[PDB]
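>>> okay, here's the opening piece of the assembly, coordinates as they are in the complex:
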Amino acid sequence: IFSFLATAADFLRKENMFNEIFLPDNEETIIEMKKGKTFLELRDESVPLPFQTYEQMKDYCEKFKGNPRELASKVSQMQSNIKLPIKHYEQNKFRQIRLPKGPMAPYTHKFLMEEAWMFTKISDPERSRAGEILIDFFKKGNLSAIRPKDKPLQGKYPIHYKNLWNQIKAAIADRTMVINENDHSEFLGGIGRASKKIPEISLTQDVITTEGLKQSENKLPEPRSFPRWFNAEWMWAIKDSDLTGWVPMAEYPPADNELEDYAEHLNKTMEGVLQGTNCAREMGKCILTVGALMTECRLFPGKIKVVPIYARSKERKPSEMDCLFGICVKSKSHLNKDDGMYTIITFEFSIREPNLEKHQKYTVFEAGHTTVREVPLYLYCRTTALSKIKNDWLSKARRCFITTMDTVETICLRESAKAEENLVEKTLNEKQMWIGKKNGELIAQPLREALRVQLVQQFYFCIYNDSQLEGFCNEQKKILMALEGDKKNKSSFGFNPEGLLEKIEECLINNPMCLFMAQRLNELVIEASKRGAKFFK
Amino acid sequence: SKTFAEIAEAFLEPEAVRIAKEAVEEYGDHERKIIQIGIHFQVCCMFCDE
Amino acid sequence: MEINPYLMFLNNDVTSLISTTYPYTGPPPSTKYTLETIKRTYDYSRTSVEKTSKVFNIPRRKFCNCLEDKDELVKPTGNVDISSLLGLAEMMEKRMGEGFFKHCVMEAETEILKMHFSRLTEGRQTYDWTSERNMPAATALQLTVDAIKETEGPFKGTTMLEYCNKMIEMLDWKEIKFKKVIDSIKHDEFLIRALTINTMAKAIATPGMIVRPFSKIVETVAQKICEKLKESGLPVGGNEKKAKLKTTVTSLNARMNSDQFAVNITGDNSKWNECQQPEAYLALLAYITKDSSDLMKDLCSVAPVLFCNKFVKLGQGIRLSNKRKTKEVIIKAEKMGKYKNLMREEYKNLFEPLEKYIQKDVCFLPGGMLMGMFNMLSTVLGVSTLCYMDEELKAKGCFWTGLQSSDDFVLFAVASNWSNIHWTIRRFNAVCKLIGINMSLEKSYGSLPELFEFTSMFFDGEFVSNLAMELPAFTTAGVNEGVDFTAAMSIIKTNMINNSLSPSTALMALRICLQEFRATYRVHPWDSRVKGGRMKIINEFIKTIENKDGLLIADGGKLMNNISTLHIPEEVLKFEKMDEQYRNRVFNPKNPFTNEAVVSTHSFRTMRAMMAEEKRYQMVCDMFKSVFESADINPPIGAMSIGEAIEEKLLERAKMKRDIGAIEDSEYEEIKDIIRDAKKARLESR
Amino acid sequence: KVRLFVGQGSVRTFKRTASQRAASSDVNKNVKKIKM
Amino acid sequence: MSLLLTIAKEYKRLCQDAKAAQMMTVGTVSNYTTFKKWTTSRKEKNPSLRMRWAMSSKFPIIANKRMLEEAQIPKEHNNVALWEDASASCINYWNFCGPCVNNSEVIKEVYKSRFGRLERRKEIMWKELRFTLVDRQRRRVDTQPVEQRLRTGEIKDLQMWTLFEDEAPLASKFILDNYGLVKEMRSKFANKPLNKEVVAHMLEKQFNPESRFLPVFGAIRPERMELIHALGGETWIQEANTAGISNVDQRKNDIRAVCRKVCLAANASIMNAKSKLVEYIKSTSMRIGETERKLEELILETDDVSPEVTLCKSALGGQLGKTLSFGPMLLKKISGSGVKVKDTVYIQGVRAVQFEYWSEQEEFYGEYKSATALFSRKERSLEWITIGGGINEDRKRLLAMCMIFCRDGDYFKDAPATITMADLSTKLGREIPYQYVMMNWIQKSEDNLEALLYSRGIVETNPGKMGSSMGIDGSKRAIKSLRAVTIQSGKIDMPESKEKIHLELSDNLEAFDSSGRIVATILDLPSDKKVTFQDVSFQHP
């Protein structure tokens, strides 16, 4: 008896069932929720309007019987007082998306891509630090020649930028990349332009009269029209950079089976193709520059450090090379909380005249000359801002390779399976992918050359991501599904497309990517209307 | 182990479980007691020890 | 030229490229929102009937069985006809079988009773009714149990039911004490503070700790029900729902007659939470709990009334400012009424109608639902609609089936003519409107067979894995060196098995993860030239390290892992090669620094009044583990208190080591005397 | 007889005599008898 | 030692306090678990970023002082701040040169699972990558080859009785029964410098077969499912021979054979078949690898959804899956309901024979060798059947056994002339219902099967439906085809449900499951066969 009882008590204690509940005595055999006065007072007040006490509701529900006649009658009466519209798209076509109106969308990415002009220097493994590279570049003397003019080509706050440039040069000369807090740095960094909190207990109507007091008149964004310069950036980003290996990479591992050899051959081909472009140069510039800025804001907050805008590359087939696109600085990055805010400042070189509509952000300064023969210079001085999250994601922008490879091998394996043979090189070399129009015709090029377009798409998704693009890309899917339905003669339909288009056009504001993609979507539906239906002109 | 009978079969023999279950059904009491009665019945049978 | 990337959709399948649209490669991104939600909720309820409570003395709008204002019904309505809901419940019960719900409530009651009250700790952040702030579950539970202990006496309970009965008693109590830098509060303020539900802007609700157990009980009943149903997909995930859809489509294409032709409708309900009422849930749980023990009847009945009486806190108030924006005033919700003039016309128009409902920094809301609270019960309520079947449809040769998860469904209608398809869809819309469940007209669309979408998964002849959704997962968690790489490889393996990830994409992600790993821990290969103190020391000593191949990735190693070796950590593949001295040092068990992972050296461990209690519990647990080395794996159990166990085990250890081990009778007697003194002090003290 | 700490927080008493009769057999026999 | 004295002084200091004394005195020890949560509660949203943030720090690592001092490793070998009086670089110094453990060959036992994985993988001869649209079926499987699979309770006792004996719980039945396994585990991990928690966690993983619901193609064996990701996807297949690795099917097969043998023995006793069966099971054991295990525990652990195991699990009282059977066929009720309804069938001229048939709509997944189906019945009629198999014969056999399951067709109304009253029933004094008679009839000869299939109406293959049609020889398409017999390509995905139903059995070995349904019987097993069992013990007269 005692052995059995011991085992049983162990197996109860294990399950949390060694209590009066499961093992009560003779008297304590009535377990019940401790109904309280207030709980009942409330429960008796939540019973629906017909009933007035939980008892009536319970008695009516426990005995509820089905009367399908009444239920069907009510269902039909509700089905008649509604009149749900049904709209087959073939009859009711999708009108073209309406784009906002106003001035051209302006450049917003931190670092210039197309315009930016760079300085190269032979790599030194010993001196591999950011500051070490910046000092080495300064020592040759080309950098010390720069002497911006007083009058800028365009923009505002020139004096501050000129003073800061001189102070940066003095800092580097001193081999201490710490800037002092002066009026110019204070104004650009907004060290003290944070509104000071006023207590409410210390308030009175007289205080309200002395200084105006009214609820903040939220200044929603303003609308900007389609950018005509985006296509140029895309075409430029789809060209080689005269250098290769801009973005770093790991070392490919060994192989044992044929499958691994196939994976390594495809990966090698794609990486070789993708390492020579210009977009990848910007990937490298972002990875390294943000890594350095991340490792500075972590160590030296409260000190306006100086960080370069640089990259590392390799001459084609050879030696390595350090490139210096420009210079950055970061105001106090006291990131006490997640999703903080810390202003930075960006100087970047160029050999091109500034557009008014595009380069509205920047404040250029013509800066002497540079050899290649001699050419004028232009010092593009921006003042942007960043956060932790943007930093981490830019520093992990290498993600785009994964997506692009996935799409390419999702096309190649599918094309190869329908024939039960290895058809990848043929698909890559031959399969033609429309990539635009020229002279009213549809241009097309093999996949091997449209990987560049795909990569640029993913990179721009990384760069310009916001709530607007999110909403857009979430609401455009319906249109693409409708397109597919049209392609296969499936008589698709909908309930209220106008509201859908309205929702879409609501999320098109001051973001170049959204607007450009919408214009392209309209051109697509137009070109397909020639060979399909369900779309209006 | 979603029902009490399985938890009782973990240590109690299933026969005593069935017995206590029938007993609870005849009395009409909660089935949460399938364990306690089963234990008592087992104690008696094992107590007898032929 | 004008480059257009969408042109690939002209002559290529849309699914095989839909992944390109998702901008999941980049970073994602009050009171006005809450006030708009409150207003829309009070508006959807079309009725104007208002009762008057006595406990609160607040007008209480009744959102059930009082439908009026039948204008523009297309829009969302939040009134419910309990008769229709109960009829649908009867239809589902009939289809499933006799006594379908009793087995379910039995399988729930089998757990609710034995459940330990420490399970509450595992949950999202819960509002605290003492400091009036969101706080992890464990801290809130400890705080409220300390309040109980200070008030009347230590909580001897150890189970869920005891905790609930003590909460019910606490509602009656006139006064409740709780520790603070130790204020006391009357019955009414704690009554309001228990129901108060905060919000987190991730939005999502944060209910009080008083209501959490009842919510768990209701959710458990809803889960045990939903799991049986074959027309739902909320608890399940990934492969399961795809297989469900495949079986459903096969069944459809077989049942339909030759004359009949099927259709699909991808639906996305709107205002799901705003239009659901907890009173319909109350009646439904009453109908379900009609035969089971009165205990489950009351326990289930509790949570609906609490939600039907839930206040909602307004957070962070408005901000005031001057023209130049130099100055700036901050104002909380409680004071909003005072400076009613100093607000935009829109904000005033929104605020003024709710003033009567508004209480200090709260707005009593007699109904509505919030995100995440009752997912599975709404899923059940919505699956009820698909079962419906009436004489008219069979007379016309029409029938609809489908699959709904929370606020997202898929419908499969069948009929013989489009004129009847439209009528069928309208009938479905009506029956769903009868229970608050609405439907969006813009985000919802339909088409002929084999082209739908369900929870970001597009379906055709095949089913394209989104992959975008899983892209953020390809990151190093950031725990330590050993864990990170293995975890990344396991994530790649899972994505390969389920999301049908390709091999080359896997290899690229593996290289990307290896390079981010090398970058974070400031490590680089031996042959590389990333000069550093670590690297230089590594390089010189690598001359001593004879086997280059065996080197660990963190210690200037190389990648020896591939598609066929993702289910094997690196430490295992390299074991044979690893130099004997290097291997011995690497896996020496005792070292200063020293879950499918190997434990090596690379593993490293890198508001004060509350810290005091935390240190007290920490010390107690720490030294109980010091004595008992199996305290964490196997939960302790017994009848002895902690002190008694320590006393006896320590004495036994001392006796064992005086018998044979290196201890002297003097030392044994000293320790035993110390133990006796400690026991006496403990018992006498309190 | 001898007292002994067992597991955690359990002090019991053990006697060195083997007493493990068949439980299944006896229970079955009694249950069969109950049906007459 | 002195450490003991320190522990005692610490306990004294804590008891001198008032609050700690109160909480220790009151209640039981389980409170520890609870307290283990009220402390050290803190997580972080993005740990990766946090780690990168911290690593940059001047001194990221934390190291115990006594370990560093004991090591006597230079403070700064070359002007590097290993510790104030620690950097990550320090670990490198230790790894390259430092205190060496006497031996590290124990790690091979701690992680026996992963070394087993590597050892199994090294013996795979990869044949050839091909490309094709693979047919994948979503089904529950196990992805880890494991020997002597146990439950969590047994595992917990194994850990306690192999590592912490001084704090071992009262001796359980399992520990006494399985003492060779406990001894083997104890020897390896006794008197060793080890982190005990890690070893316990790894033994937990050692004895847990990871069951997952996955897409699958080809054979089903844990040795493959652990690396299925590197054998084939939706579009490609990397051929490989994995037959001879960790043979787990031969012991399952032997267990089923033994259950068949004992179930067929214990049908002789009409009055006391059940008791004889239980006695027969208890007085038998079998050897697994090195250890010898009792058949009852093996049956409880196993997951073979087969009538033999189902019956034995019922007899012992083990709960089992919601899985029906009908001969060498498998079934799974997706939906529906019903209730028994008797009807007569005349065997020859006028010979009434009663048979019960359900009355309601009822969907049913089915599974015969290399074939699957999703049929439905309604009031004694086969409403439809959708097949997704890949073999003509398996398709025909599945369709026939399904038709029989639902007692559709004229033969049930008016029995075939051939079948006689001698075979109808009472082979050994027990009636054999009509359905199992028809099953034996169809197995007896193909011609009867052809007649049965002919019984189902035949129509002309309409246009378009040619592909979704099945002839009499299981043709993919024909000019005339069986009525309401849809055909498709791709195996029907197996449903899933984590439910456990208690089910008894009658004196005639009829397993009821809380309702009329007959889950399994002895009349759905191979007739008989002779086998020579190895390493088994039939200790019964």
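That came through fine. Residues are numbered from 1 along each chain as shown, chains lettered A, B, ... in the order given.
>>> Now the stretch 101-250 of chain A against chain D: closest residue?
residue A:250 (50.1 Å; Cβ to the nearest Cβ). C-beta here means a position set from N, CA and C on the backbone, and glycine is covered the same way.
>>> For that residue, which residues are in contact?
C:511, C:512, C:514, C:515, C:518, C:559 (Cβ atoms under 8 Å, 6 or more residues apart in numbering or on different chains).
>>> and which of those is nearest residue A:491?
Distance to residue A:491, by Cβ to Cβ, is smallest for residue C:512 among those, at 44.8 Å.
>>> And the contacts of residue A:250, which two are furthest apart?
Greatest spatial distance in those: C:512 and C:559, 11.9 Å, computed using Cβ to Cβ.
>>> I'd assumed residue B:43 was in contact with residue A:1.
Yes: if you go by Cβ atoms under 8 Å, residue A:1 and residue B:43 touch, sitting 6.0 Å apart.
>>> which ones are touching the nearest residue to residue A:294 once chain neighbours are set aside?
Leaving aside its chain neighbours, residue A:294 sits nearest to residue A:391 (5.2 Å; criterion: Cβ to Cβ, 6 or more residues apart in numbering or on different chains). If a contact means Cβ under 8 Å, 6+ apart, then residue A:391 has A:290, A:293, A:294 as its contacts.
>>> number of nearby residues for the second one?
Okay, so that is residue A:293. The tally of other residues near residue A:293 (other Cβ atoms under 10 Å in any protein chain shown) stands at 25.
>>> hmm, back to that, assumed the residue of the stretch 101-250 of chain A closest to chain D was part of a helix.
No: assigned with DSSP: H, G, I helix; E, B strand; the rest coil, residue A:250 falls outside any helix and is coil.
>>> what sits against residue A:464?
Taking Cβ under 8 Å, 6+ apart as the criterion, residue A:464 is in contact with A:108, A:109, A:511, A:512, A:513, C:26.
>>> Reformat those residues as TSV; add secondary structure, distance to chain B and neighbour count.
Converted to TSV, the contacts of residue A:464 look like this (DSSP: H, G, I helix; E, B strand; the rest coil; distance: Cβ to the nearest Cβ, whole Å; neighbours: other Cβ atoms under 10 Å in any protein chain shown):
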residue	secondary structure	distance to chain B	neighbour count
A:108	coil	58	16
A:109	coil	57	15
A:511	coil	53	22
A:512	helix	58	22
A:513	helix	53	23
C:26	coil	45	23
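>>> Those: which two are farthest apart?
So, these by Cβ to Cβ: farthest apart are A:512 and C:26, at 14.8 Å.
>>> Tell me the residues of chain B that contact chain C?
By Cβ under 8 Å from any Cβ of the partner chain, the residues of chain B that approach chain C are B:2, B:3, B:4, B:7, B:30, B:32.
>>> Let's see if you can find the most crowded of those residues.
In terms of neighbours by other Cβ under 10 Å, those top out with residue B:4 at 25 neighbours.
>>> one more chain, RNA strand F:
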RNA sequence: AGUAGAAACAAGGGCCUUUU
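Next up, RNA strand F placed on what we already have:
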């Protein structure tokens, strides 16, 4: 100045909070 969204930052406390 700047960022972005349907609200917040534009340091906070009393002197403190370098290698892809």
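>>> now that RNA strand F has been added, could you go back to the contacts of residue A:391?
By Cβ under 8 Å, 6+ apart, the neighbours of residue A:391 are A:290, A:293, A:294.
>>> In helices only, show me the residues you listed.
If you go by DSSP state H, these have A:290, A:293, A:294 in helices.
>>> As a check, name the ranges of all helices in chain B.
Remark: helices assigned in chain B by DSSP H are B:4-9, B:14-27, B:34-48.
>>> Same list (the ones you listed) but as JSON lines, adding distance to residue C:307.
Listed next are these as JSON lines, based on distance: least, Cβ to Cβ, whole Å:
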{"stretch": "helix B:4-9", "distance to residue C:307": "30"}
{"stretch": "helix B:14-27", "distance to residue C:307": "35"}
{"stretch": "helix B:34-48", "distance to residue C:307": "34"}
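>>> center of chain B - which residue?
residue B:38 (2.6 Å; Cα atoms, centre = their mean).
>>> How about it: what's its closest non-neighbour residue?
Leaving aside its sequence neighbours, residue B:38 sits nearest to residue B:20 (Cβ to Cβ, 6+ apart; 4.1 Å).
>>> now residue C:554
In space, and not counting its chain neighbours, residue C:554 is closest to residue C:481: 4.6 Å by Cβ to Cβ, 6+ apart.
>>> Run a quick neighbour tally on that neighbour.
Applying other Cβ under 10 Å, I find that residue C:481 has 22 neighbouring residues.
>>> Tell me which residues touch it, please.
Here residue C:481 is in contact with C:517, C:521, C:554, C:602, C:603 (Cβ under 8 Å, 6+ apart).
>>> Equivalent analysis for residue C:131, please.
residue C:180.
>>> The same query, at a cut-off of 10 Å, please.
C:139, C:140, C:143, C:178, C:180, C:607, C:610 (Cβ atoms under 10 Å, 6 or more residues apart in numbering or on different chains).
>>> And for residue E:283?
Contact partners of residue E:283, counting by Cβ under 10 Å, 6+ apart, are E:294, E:295, E:537, E:538, E:539, E:540, E:541.
>>> redo that, cut-off 7 Å
Contacts for residue E:283 (Cβ atoms under 7 Å, 6 or more residues apart in numbering or on different chains) come out as E:539, E:540.
>>> and the gap between it and residue C:277?
Between residue E:283 and residue C:277 the computed distance is 63 Å (Cβ to Cβ, to the nearest Å).
>>> Equivalent analysis for residue B:49, please.
Going from residue B:49 to residue C:277 by Cβ to Cβ gives 62 Å.
>>> Between the contacts of residue C:131, identify the one with the most neighbours.
Going by other Cβ under 10 Å, residue C:140 tops the contacts of residue C:131 with 25 neighbours.
>>> still on that earlier bit, a markdown table please, covering the contacts of residue C:131 and showing distance to chain E.
Shown next, in a markdown table, are the contacts of residue C:131 (distance: Cβ to the nearest Cβ, whole Å):
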| residue | distance to chain E |
| --- | --- |
| C:139 | 6 |
| C:140 | 10 |
| C:143 | 9 |
| C:178 | 16 |
| C:180 | 17 |
| C:607 | 12 |
| C:610 | 10 |
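>>> Nothing else from me, thank you.
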